[PDB]
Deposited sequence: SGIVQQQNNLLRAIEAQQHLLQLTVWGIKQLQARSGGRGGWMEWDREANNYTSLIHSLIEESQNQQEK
């Protein structure tokens, strides 16, 4: 709603995106089996859903 609340929302979104970014950096390093990627997939999907919720929330608060 307010400026502060929105600022906090944006920061949380950035924090979640950083976690996803770190997962991709790690994944690329590993590529330098499928089943061995199960946890990575789980995390990537969970953070993607988390970021989606954060963006929608931010959009709703203008």
Quick one: where does the model skip the deposited sequence? 33-36, 67-68
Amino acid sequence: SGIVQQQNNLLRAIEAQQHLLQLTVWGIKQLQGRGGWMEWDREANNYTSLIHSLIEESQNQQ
From here on, numbers count along this sequence of modelled residues.
Averaging CA B factors per stretch from the PDB record, which one is higher: 1-9 or 52-60? 1-9
